[PDB]
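Everything on this sheet refers to the single structure shown next.
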Ligand SMILES: CO[C@H]1/C=C/O[C@@]2(C)Oc3c(C)c(O)c4c(O)c(c(C=O)c(O)c4c3C2=O)NC(=O)/C(C)=C/C=C\[C@H](C)[C@H](O)[C@@H](C)[C@@H](O)[C@@H](C)[C@H](OC(C)=O)[C@@H]1C
Ligand SMILES: CO[C@H]1/C=C/O[C@@]2(C)Oc3c(C)c(O)c4c(O)c(c(C=O)c(O)c4c3C2=O)NC(=O)/C(C)=C\C=C\[C@H](C)[C@H](O)[C@@H](C)[C@@H](O)[C@@H](C)[C@H](OC(C)=O)[C@@H]1C
Ligand SMILES: CCCCCCCCCCCCCCCCCCCC(=O)O[C@H](COC(=O)CCCCCCCCCCCCCC)COP(=O)(O)OCCN
Ligand SMILES: CCCCCCCCCCCCCCCCCCCC(=O)O[C@H](COC(=O)CCCCCCCCCCCCCC)COP(=O)(O)OCCN
Ligand SMILES: CCCCCCCCCCCCO[C@@H]1O[C@H](CO)[C@@H](O[C@H]2O[C@H](CO)[C@@H](O)[C@H](O)[C@H]2O)[C@H](O)[C@H]1O
Ligand SMILES: CCCCCCCCCCCCO[C@@H]1O[C@H](CO)[C@@H](O[C@H]2O[C@H](CO)[C@@H](O)[C@H](O)[C@H]2O)[C@H](O)[C@H]1O
Ligand SMILES: CCCCCCCCCCCCO[C@@H]1O[C@H](CO)[C@@H](O[C@H]2O[C@H](CO)[C@@H](O)[C@H](O)[C@H]2O)[C@H](O)[C@H]1O
Ligand SMILES: CCCCCC
């Protein structure tokens, strides 16, 4: 094939153009995102029950839905929350590779058939079935600075004007409104209602009657009286459109003939559907939009289009309204792409410098400058073909790949320049011979590198999805590098390179290049003299090798483990947790203290504080709040002191002072959708109808045992709420029936007044919206206000609530968890310093076995993923090694020689481990792939050294040591040229990527050139 | 529940059948309306048809018929399933000690085993060889007439007294300024 | 083109004063001029 | 009485049922025991 | 039933159309709100 | 119709490039392709 | 796929005759099938 | 400070922590938002040792929540016979009424704790004590249909 394209350089050029056009076309049409779909498909069933407690929600909604989630394909597990905010969220996680659309519609369909089994109030509100993912493209915050608008006022505008326009914007997937639009709030007065002998039942009956869409019919409708001239539609009652109209809702007419209207017994205003969430952006009332990226969309174009549309909305905004961007993933994808193009150009620049420094002719320096871009563009085309996207994982996979692409370029050209310099052949004949020597190895190197990278794409779940991005990218880039090295760069060499006279090593030159040639020819002689001495005393160096393999193995284990590291993302949360029974006013004051702190003490680092009262990651009680702290640019925060890690600890340390509040800052995970932070996600399950109280005892019993193992388990806590005091009220059925007061009227009065009742819909300025009847704050606060509410008897007398009720305090769960349709309690925890998660999990299984009868357990999330994916690792390492060996066996026609190459693996690794150990880095995915590329390039060097060595022994009939010394001599220059390009040069990921190679190369280069010849001689002597 | 073959056919089967239209790769449709109150409409598709889409299409049409069906039939839960007519296997459950009766065993399997098996991927349909426990109110007409009550009164009382009420919260949102207490209000709960 | 609509207004107070429920008004008006789908019947063994 | 979903693999599905029943057995009341009076999958395994 | 185009559009068409974000290969979306009471929101997708 | 016409120019452009590159590879020349591709206008005018 | 010799016949009410008439038609057909043992064997209803 | 720590320890049943907190001088009159002292919580959750330890450390046995319910109400209602006895020995008001006029006997009778009812009667519980609806522990037993309880009262 090289011979074919050496005679046909125009064909070789056509293939290069077809690859470049395919690549250029791919770059434009390819999707762009921070991370691809890594987490397994999850479908969350969300519902709302106004004024309902954790148990009411669970025992009427959650259990009913969970029972009807059958006949759904590829379901791994099911988790559900039921809390006292009147919320339920049932997350159904599916097998990795499941059609998320098919998964959702099957969940959606089985729910719709279970809707008649839910309460009327839940059916009316509706149950949402959405694709579970918190991987937002950006959060567009909407704030009011002049204090003319409340959080309700903003939310309503964002919904009615902006939300639909952002939905329309090119490349936008899903858009969540951070708040609710207006609702017709009827704030009832029990003193007024009692005065006129009325109840909330009468208010609801009147609103349902006087705010409705009535179907009237038609004038001259078919069948008509023949001769009819007109056919008009009849309009009767329509929905009310104003607080005025609702004001005049007629409840009662008295004896004297006076009208009792809704405005007489209730305050009426356009308020919010929900008052549980209070969101603030630097102390100012705020709403927002949670924008997601659409499937196969460009994040950079979408973000620009969103900002472009928001700019067109600028003129229509009310006075004081501003648009802010507390969260945005766009800047990361810009850097990820920018720093690939930088490395790509720097590589080409540095190769040129090294190529010219050694070969000393500009015509040779252009061959890599053509080849590298062609292959890189080719990679973009193969990514598009396999349906991959431009993301961090695929981009940093290419950064690592450039090393392999640069080598293939230097290897082919240098070997031609040498063959010309040593024999004196014309370029075309020199290229033929040159390629003839390496063409076999290049094909072999492809299969070996394939056998290294391909297997990790066959990992299962989230871990496999991540490795797949690097695997396909590097294999594609590498595979095309060999194709270009066998088709294009040979043809370029045979046409572009100039004749070099036999024995012209450029020592006869003057100046720097004349000196360098004499200097390097000495160094090459001193090198062969050194290797000559090494091969006299092999046994000693084999002992030094075992010290490195021992050093490697030890230094590998001692280095801390992770998947994706915790980096400065310019954002971090601050949880605010007040004690059981604490109000949102008390919580807001702590949130204000948290907001004040960040804007006062961290004014240099903090940009904004999005203080969300009554919220965590989901809607929480009044006693909870979270603060999404958005930082300034990394250019405005120099030093490790002004990074999230230090800012987090400083904040947490300062907030230890706050009384009656567990306030602590913590960093965002790299991919939140998984929450992978090392450690486990343990589920404790009630398997024998033990109840909530018995499951609480078993949890405390497990948490107690875990606390007696600091050596194994650290920070083993529950991801749930403790039982809070709640107001039990018992309606006496006998006293109710005796007075002639119906329980329906009683439970409606209590439910509507204290809980709030969603009556029906009205039309505010052309938008359909909810009507809510509820008690005015001051009549539904304390237990004494219970007796202020009156229910009308059959006889017409108004009976107070104190007459037929009797209340006491008790304890109940404000958030009841279930796993696989059984009452559960999620327990988080991690392995202790110098311990694996596998060990920590095995103890949690041991401790869990000693718990009471009927108390089971299970692993979910990262635990489930790590549990299954971990079992695959040994099988993939086996295939990787077995196939690498088999490939080299076919290449060298020997079962023995392959070992000489495979023994180089530790020489590549040891450097990276030393670099990581002393810089204090982790064994993250970026680093692990960094080792595979370091091992790959190390193997590539050794493969060509051994091939040349064995070829000299086979073809020219040279001795073992002669052939070895002659081989390592020929291969010194191209290995040093590749290595020098790294030494010259060619941000947590950038460190993991750069340091996952730099340290490796600095040593691997020095170790390989001296140890590869040892391995070959030692192995050849043995067999 | 309690319907004859014709009542079932005329109020459900026909109403559902009439909505089954514009469904791709449908070969034929067969229904059975019997005096147990049970309807079973099998829609058989062409070989190669995506059973996922066939189910999605069939239910899309059923959901148009759902509101026209009696409230008793809807509250029993209508099921759309894409399974074989024969049984893959039978998972029998016995009590060797003889501590639990046929009825006690059936209830346990229904409450502790059935659901998890029904959610298992590949399981098209699970059929309990027994019945899950219910609160059986066995009425006496002599005692009902004696106190001048009907099954209507019995049903009215149960829905009214065996209620799970959403009663709101103390110091709920929006609250008054200076509110210190916030506690869930717990009224009537389901009878156990 | 925009069509004429015969808008009939029910006086809520005047109805309550005379002792007629607006449910009976809305149904009488609705059923008369528009028609009302009450329930099904069996015509030669078919639901209509 | 378990029925196989359309297209689903009998042996794979049967294996998943046994795996799920294995998680239940430990928390059974005293006396309760699983029996396998009808299975079409063993023939497929053995005959193959 | 018995709702003019405007009532139909505000309470039905707008409510459905606003939730028609995040659908793959959507070229355009046209809807009719009639004085019959009917809505028909047609979503035309990319060829293939 | 708009789409058909808007993508027609780039269709002709890539079609010419592909045919040109195919001749360059087959005949191992830059002259034969260029000498040939110059005929295209002589045909196109005929169709017009 | 069914049995070797077996067939699956469906007698249809096309004109809304009713159940009693369709029964008479079925009973008649079964009797005529019984008078042809040479061709048809075990012709019976799959119902109650 | 340590009062909010004792309330959690009392509720959880951490005997060792309560003991350590009693040494440090944790406030035993420390209540939550509803007025439940650690004795209330310990009595509610059935932690006998903590109930004894708290009473030793000068805890109020007749302490009442914001609705008038004492620890004996909770202990009697949730079937903690040992705690009911320990409280009554340390001078718990057996005839104590909450805001509803309900007594420990009413609550014990309702859940049908026959053993506890006998203990309350032994320490002089007014069997003829009526709630806000004029109903005694006997009127409860006949309504619940408890034959054993009906005979005792
Ligand atoms: C590891 O992950 C962390 C952040 C993810 O980053 C975010 C953006 O993504 C989250 C996801 C995917 C969750 O599932 C969360 C969650 O379940 C929470 C809370 C909290 O609000 C969260 O805050 C998140 C949360 C995030 O902010 N728990 C609750 O709401 C409940 C019912 C908590 C009950 C008790 C406490 C308060 C909680 O157990 C606490 C002791 C810690 O375990 C957490 C605050 C973890 O922090 C750490 C490591 O100290 C986060 C889960
Ligand atoms: C040819 O087919 C055979 C096997 C199919 O293989 C199976 C696995 O698939 C079946 C299908 C797709 C059905 O539709 C069935 C059916 O409709 C039945 C019965 C009945 O149990 C069945 O048993 C099946 C049945 C199967 O076992 N009839 C009924 O339930 C009702 C409501 C009344 C029964 C009427 C009489 C008593 C019945 O007709 C009888 C006279 C025979 O004709 C059948 C028992 C056939 O036995 C044989 C070997 O002559 C089977 C249909
Ligand atoms: C979607 C995926 C894309 C798939 C693309 C597939 C395209 C299919 C192409 C089919 C090729 C036909 C088979 C090869 C031709 C051999 C016989 C030709 C006749 C002959 O006498 O041989 C010479 C060929 O040169 C020789 O002695 C051998 C050289 C053969 C050159 C092959 C040219 C193929 C170019 C394809 C372009 C696309 C590249 C994409 C990878 C002629 O030529 P000559 O020597 O007389 O020359 C002019 C000198 N004055
Ligand atoms: C839809 C819109 C998309 C727009 C995007 C851009 C599209 C790009 C399209 C690509 C077009 C290809 C252009 C080919 C360039 C031809 C160069 C002219 C060469 C020439 O005429 O001289 C020949 C000699 O060449 C020689 O001396 C031997 C050849 C060695 C040099 C070849 C260098 C080619 C470099 C190509 C780079 C293109 C990059 C594009 C990304 C003479 O002919 P002859 O003597 O050989 O023939 C007779 C043999 N007896
Ligand atoms: C035995 C065969 C050698 C015969 C020829 C030897 C000398 C060649 C004389 C050429 C005239 C210029 O002389 C050349 O100048 C270059 C400047 O770039 C110098 O080259 C080098 O010298 C200095 C040290 O002095 C180095 O640190 C530096 O890397 C480089 O500049 C040398 O001094 C000489 O190689
Ligand atoms: C701490 C990181 C790990 C360290 C890795 C060290 C390996 C890289 C350095 C290799 C340098 C090679 O250095 C080479 O050593 C050998 C002996 O070992 C010397 O050889 C010496 O011993 C041989 C064997 O008896 C004698 O025949 C020879 O006369 C004597 O010089 C070479 O003259 C020297 O050039
Ligand atoms: C399923 C996957 C199986 C493949 C895995 C093995 C991968 C390793 C491939 C080994 C590299 C090729 O190995 C090398 O190929 C060249 C040709 O390119 C051979 O050389 C051969 O050239 C030509 C073309 O095949 C032959 O007509 C000629 O007889 C022979 O000299 C070398 O003798 C061989 O050593
Ligand atoms: C030896 C002919 C090779 C051609 C590959 C395109």
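Protein chains in written order, with the authors' numbering: chain Y, 1 to 986, 997 to 1033; chain F, 50 to 241; chain C, 722 to 769; chain L, 290 to 337; chain B, 50 to 97; chain W, 866 to 913; chain G, 674 to 721; chain R, 13 to 165. Every residue, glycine too, gets a C-beta built ideally from N, C-alpha and C.
How would you list, in chain order, the residues of chain C whose beta-carbon sits under 9 Å from the beta-carbon of residue i?
i, result
"residue 67(F)", "767 and 768"
"residue 689(G)", "764, 765, 766 and 767"
Would residue i and residue j be called neighbours here (beta carbons separated by less than 8 Å)?
i, j, result
"residue 405(Y)", "residue 375(Y)", "yes"
"residue 194(Y)", "residue 618(Y)", "no"
"residue 113(Y)", "residue 144(Y)", "no"
"residue 136(F)", "residue 291(L)", "yes"
"residue 294(F)", "residue 274(Y)", "Nothing about residue 294(F) can be reported from this structure: the residues present for chain F run from 50 to 241 only."
"residue 31(Y)", "residue 297(Y)", "yes"
"residue 412(Y)", "residue 490(Y)", "yes"
"residue 93(R)", "residue 131(R)", "yes"
Using the DSSP secondary-structure output, state which residues sit across from residue i in a beta bridge.
i, result
"residue 218(Y)", "233(Y)"
"residue 663(Y)", "576(Y)"
List the residues of chain F that residue i touches, going by C-beta distances under 7 Å, in chain order.
i, result
"residue 151(Y)", "What residue 151(Y) touches in chain F: nothing, since even the nearest Cβ is about 11 Å away."
Ends of the alpha helix (DSSP H) at residue i?
i, result
"residue 745(C)", "743-755"
"residue 1004(Y)", "998-1005"
What in chain F is Cβ-close to residue i, meaning under 8 Å?
i, result
"residue 322(L)", "142, 143, 144 and 145"
Going along chain W in order, which residues have a C-beta closer than 7 Å to the C-beta of residue i?
i, result
"residue 432(Y)", "Near residue 432(Y) there are no residues of chain W at all, since even the closest Cβ is about 17 Å away, more than 7 Å."
By the criterion of Cβ-Cβ separation under 7 Å, what are the contact partners of residue i in chain Y?
i, result
"residue 81(B)", "Simply none; closest approach about 16 Å."
List the residues of chain C that residue i touches, going by C-beta distances under 7 Å, in chain order.
i, result
"residue 209(Y)", "743"
What are the boundary residues of the beta strand (DSSP E) that includes residue i?
i, result
"residue 686(Y)", "680-686"
In chain L, which residues lie less than 9 Å from residue i when you measure between Cβ atoms?
i, result
"residue 47(F)", "Missing from the structure shown is residue 47(F); chain F here goes from 50 to 241 and no further."
Practice task
Taking 8 Å as the threshold, find out whether the region 322-331 of chain L comes into contact with the region 141-158 of chain F through three or more Cβ pairs.
Solution key: yes
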